[PDB]
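Chemist: give me a model of this one.
(one chain, ligands or ions: 1)
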Amino acid sequence: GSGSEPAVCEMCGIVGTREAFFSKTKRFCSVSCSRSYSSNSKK
Ligand SMILES: [Zn+2]
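Modeler: Numbers count the residues shown, from 1 in each chain. Take a look at the structure below.
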């Protein structure tokens, strides 16, 4: 977590830089992907 760590989306797969991905969790490119992976799946 310094320069621009990559955060891959478990839902869509899209990968980006922490400062570009959802700061909330960072695991998903969007909050929807969070409520979706949670309300539609489990890990
Ligand atoms: Zn996504």
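Chemist: residues in the chain within reach of the ion, list them.
Modeler: Within the chain, the positions adjacent to the ion are 9, 11, 12, 28, 29, 33 by Cβ under 5 Å from the ion. Bear in mind the C-beta positions are built from the backbone N, C-alpha and C, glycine included.
Chemist: count the residues that sit near the residue lying closest to the last one once chain neighbours are set aside.
Modeler: Right, residue 33. Of all residues not flanking residue 33 in the chain, residue 11 sits nearest, at 4.0 Å (Cβ to Cβ, 6 or more residues apart in numbering). Residue 11 has 16 neighbours, counted by other Cβ atoms under 10 Å.
Chemist: of the residues of the chain next to the ion, grab the buried ones for PyMOL.
Modeler: The PyMOL selection below is limited to those of these classed as buried (16 or more other Cβ atoms under 10 Å):
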select buried, resi 9+11+28+29+33
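Chemist: in TSV: the residues of the chain next to the ion, plus secondary structure.
Modeler: Putting the residues of the chain next to the ion into TSV (DSSP: H, G, I helix; E, B strand; the rest coil) gives the following:
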residue	secondary structure
9	coil
11	coil
12	coil
28	coil
29	coil
33	helix
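Chemist: wait, what's in contact with the spatially closest residue to residue 27 that is not a sequence neighbour?
Modeler: Residue nearest to residue 27 in three dimensions, not counting chain neighbours: residue 10, with 6.0 Å by Cβ to Cβ, 6+ apart. Residue 10 sits next to 27, 28, 33, 37, 43 when contact means Cβ atoms under 8 Å, 6 or more residues apart in numbering.
Chemist: in those residues, find the pair that's most separated.
Modeler: 33 and 43 (12.6 Å; Cβ to Cβ).
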